């Protein structure tokens, strides 16, 4: 047995009645319990994530099968058998916190590894490419996909406007409007790092790397009609499914694979290997197994752990570095920036975000300082040998720069249509049919000039793709 108390630690005598002028009179201001309890209630909510607002989290373990020390000095990958705790959040993208998990969207696949040399965040999605290749466009892209700012309803005319005029999107759309646009749940789902990263070994040698997560539960997708039928009765079915698997002891897992490419292959290719609208051939750059992640524990409190979880692509660890991918570059900034707003200056002290590795630095203060700071020395350099010092063993690599000027200029070899055609042609006939069906349902109401431009983009990917879509939309494209 325990007393109900105020936040001052005073036991509460009555948690049923406000203090009033007799049993039926108006309420008095001197009711600390009422005021404190209402005021805290009044302040429960914090801003939702600007994208990926809807999601679900779980803890688990990653275990190395094949050590990667020949390619990366990353401590958590250094030895067979080595286990690292993780926290993972899965999500949709566009709609708000309470929105259904049956909508078409990429799914987020955000892993925080609690390594002995710091937290490593790999902030992936299920689909392995993106719509755009420069972060400057992200707010535009998002605003086009988001509910209309007048009506609060998503409008395909808006996002198809932006996407058609951003033809690098063509490959992504070709995946998003397959039925993999609606994964059956979070467990039966791919994961991808999307970007190329740099792995740097103890000798300072660099490779390009791509990450891939392969579900032990297999990949399964929903048709539009299957998604609708689930939506009718459950708007949180993927959150449900994840919690339930774990509660039952049926732990979902993914095998981690990487591809590795020499920096010097840039000139051997007809696309930029750091363009995130591109994949790398699995034939030319085969998948190499690293290990397995198993999710085996639900959080204790959804708000404190899942809703307040903060992941950033810039939470890198020694031996793993950003590539020059311009989309990735902006992310390095935007996540910690949004997290300071959403969660507070000290969000890194929220338990789920805390490293296992020691934190020692000269940062101080900020809202909600709860860590019991002490000491006179909050600056470096200083004269004290016992105060924290830099450690040059942990310097990052020095990538070579090929440019001689500060420029704003698109990459060379953008090659916006080729891989979209290759993906189209890789689909089974059933999959192609589902693609055309999903695209047609989405495009049929949009502005005619935009609709034509969409058809033309997919035609450039593959003539059959474009012609089928034109036919299904009742657009005559003879004349182009």
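Positions refer to the first chain, counted from 1.
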(request) Please work out which of 78 to 86 and 310 to 318 has the higher mean CA B-factor as recorded in the PDB entry. (result) 78 to 86
(message) Mean CA temperature factor from the deposited coordinates, higher in 278 to 286 or in 191 to 199?
(response) 278 to 286
(request) Could you check 31, 48, 431, 42 and tell me which one carries the biggest Cα B-factor in the deposited entry? (result) 431
(message) Among 302, 211, 266, 243, where is the Cα B factor highest in this entry?
(response) 266
(message) Per the entry's values, where does residue 126 land by CA temperature factor relative to the rest of its chain, in the lowest, middle or highest third?
(response) middle
(request) Report the third (lowest, middle or highest) to which the CA temperature factor of residue 379 belongs, ranking only the modelled residues of the same chain. (result) lowest
(request) Would you check the entry's CA temperature factor for residue 217 and let me know if it's in the chain's lowest, middle or highest third? (result) highest
(request) Report the third (lowest, middle or highest) to which the CA temperature factor of residue 16 belongs, ranking only the modelled residues of the same chain. (result) middle
(message) Ranking the modelled residues of this chain by C-alpha B-factor as given in the entry, is residue 424 in the lowest, middle or highest third?
(response) highest
